[PDB]
Amino acid sequence: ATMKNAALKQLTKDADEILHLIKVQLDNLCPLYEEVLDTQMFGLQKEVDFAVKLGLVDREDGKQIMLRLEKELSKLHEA
Amino acid sequence: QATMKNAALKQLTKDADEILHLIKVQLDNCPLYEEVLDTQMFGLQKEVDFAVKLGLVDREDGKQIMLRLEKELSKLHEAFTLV
């Protein structure tokens, strides 16, 4: 259960880097930057699934990490 | 924990095995089914780094996992050029 906290920490740090990419797109005023984010979202989903499988992170924590970014990603397209 | 370091290397090689199985099916016999493999590789790489950072998997164990698949994917890319 020491592993659980460290895992949760790394995962959130990793989601934060992607979130920053989304937020910087929103805080400013293309073309298919959607392709880039989809790959980033896929990469983090795989980290999340990997951690959920090993019981390092709870299923709902993983779901909350993904939801937080997906909510923000929705506001991006739109245009 | 010995059981957590072992299960993580196991889950990672299992994930690697699944992607390698996809590559070998391609080799044994379209621009979409190359980006798909690139995305798959990116995802596996993310899991590897994640596990390496947490000290669950050794850095060279992660590098050997990636190399095994990169070798096979290079074969496939070379094969693509000829078909």
Side-chain angles (χ1 to χ4, degrees), chain A residues 7 10-26 28-54 56-57 62 65-67 69-70 72-79, chain B residues 5-83:
Chain A
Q10 191 53 239
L11 223 47
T12 52
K13 188 173 196 301
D14 293 342
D16 278 339
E17 276 175 17
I18 297 137
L19 184 63
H20 190 80
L21 185 47
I22 297 161
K23 284 188 176 181
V24 177
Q25 288 285 78
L26 282 173
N28 295 292
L29 172 73
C30 292
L32 297 319
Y33 217 97
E34 188 193 349
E35 176 196 52
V36 174
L37 291 166
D38 283 354
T39 303
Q40 307 274 116
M41 293 296 268
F42 186 88
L44 179 75
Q45 183 70 71
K46 296 275 98 69
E47 286 181 48
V48 164
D49 295 342
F50 177 74
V52 167
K53 253 117 86 161
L54 293 173
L56 290 174
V57 170
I65 290 154
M66 291 313 300
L67 228 181
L69 292 172
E70 274 150 29
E72 229 58 52
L73 228 195
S74 294
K75 306 177 200 180
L76 199 43
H77 37 236
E78 314 310 302
Chain B
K5 288 199 70 187
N6 192 246
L9 220 207
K10 218 164 286 290
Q11 185 58 244
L12 224 38
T13 73
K14 193 185 164 151
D15 296 345
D17 284 339
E18 295 179 1
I19 300 163
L20 187 75
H21 184 81
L22 222 79
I23 298 160
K24 296 202 176 190
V25 167
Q26 286 290 288
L27 276 155
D28 297 15
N29 294 111
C30 188
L32 181 144
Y33 217 115
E34 195 221 84
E35 275 204 313
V36 166
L37 285 162
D38 289 340
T39 305
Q40 229 91 122
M41 293 295 283
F42 184 86
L44 179 58
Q45 187 73 74
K46 293 310 132 203
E47 300 180 356
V48 164
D49 304 340
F50 180 75
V52 171
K53 287 178 191 172
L54 297 172
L56 290 174
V57 173
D58 315 64
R59 192 179 164 90
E60 262 58 50
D61 280 356
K63 273 190 175 172
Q64 264 276 124
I65 287 156
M66 296 305 306
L67 208 184
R68 187 179 59 143
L69 270 76
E70 287 162 347
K71 205 198 93 176
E72 216 59 24
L73 195 78
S74 291
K75 266 202 208 173
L76 182 55
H77 289 325
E78 182 178 39
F80 280 154
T81 305
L82 308 174
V83 77

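So you know, we letter chains A, B, ... as the sequences are listed, proteins then strands, and number each from 1.
Side-chain contact between B:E34 and B:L37 is absent, with no heavy atoms from C-beta onward closer than 4.5 Å. The side-chain heavy atoms of B:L56 and B:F50, taken from C-beta on, include no pair separated by under 4.5 Å.
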*May I have the step-by-step check of side-chain contact (heavy atoms from CB on, under 4.5 Å) for B:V48 and B:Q45, ending in yes or no?*
CA-CA 5 Å; B:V48 164; B:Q45 187 73 74; 4.3 Å; yes

*CA sep, side-chain torsions, deciding dist, call: B:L67, B:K63, side-chain contact (heavy atoms from CB on, under 4.5 Å)*: CA-CA 6 Å; B:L67 208 184; B:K63 273 190 175 172; over 6 Å; no

*CA sep, side-chain torsions, deciding dist, call: B:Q64, B:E60, side-chain contact (heavy atoms from CB on, under 4.5 Å)*: CA-CA 6 Å; B:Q64 264 276 124; B:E60 262 58 50; 5.9 Å; no

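With sequence neighbours excluded, the residues satisfying side-chain contact (heavy atoms from CB on, under 4.5 Å) with A:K53 are B:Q11, B:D15. Partners of A:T12 by side-chain contact (heavy atoms from CB on, under 4.5 Å), not counting sequence neighbours, listed by chain and number: A:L8, A:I65. Residues passing the side-chain hydrogen bond (donor to acceptor under 3.5 Å, both in side chains) test with A:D38: none are found, sequence neighbours excluded. Checked against side-chain contact (heavy atoms from CB on, under 4.5 Å), A:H20 has the following partners two or more places apart in sequence or in another chain: A:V24. A search for salt bridge (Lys or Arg N to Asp or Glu O under 4.0 Å) contacts involving B:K46 returns B:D49, not counting sequence neighbours. Partners of B:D58 under the side-chain contact (heavy atoms from CB on, under 4.5 Å) rule, at least two apart in sequence or in another chain, are B:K5, B:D61.
For residues 66-76 of chain B, the pairs satisfying salt bridge (charged side-chain N to carboxylate O under 4.0 Å, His left out) are B:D17-B:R68, B:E72-B:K75, with sequence neighbours left out.
Closest non-hydrogen pair, B:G62 versus B:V57, comes out as N-CG1, 4.1 Å. Considering all non-hydrogen atoms of both residues, A:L44 and A:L11 come closest at CD1-O, 3.8 Å.
Here CG of B:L69 is found 11.0 Å from CD of B:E18. Values are rounded to the nearest 0.5 Å.
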I'd like a table of donor-acceptor pairs (distance under 3.5 Å, sequence neighbours excluded) in which one partner is a side-chain atom from residues 76-83 of chain B, with atom names and distances.
residue	atom	partner	partner atom	Å
B:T81	OG1	B:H77	O	3.3

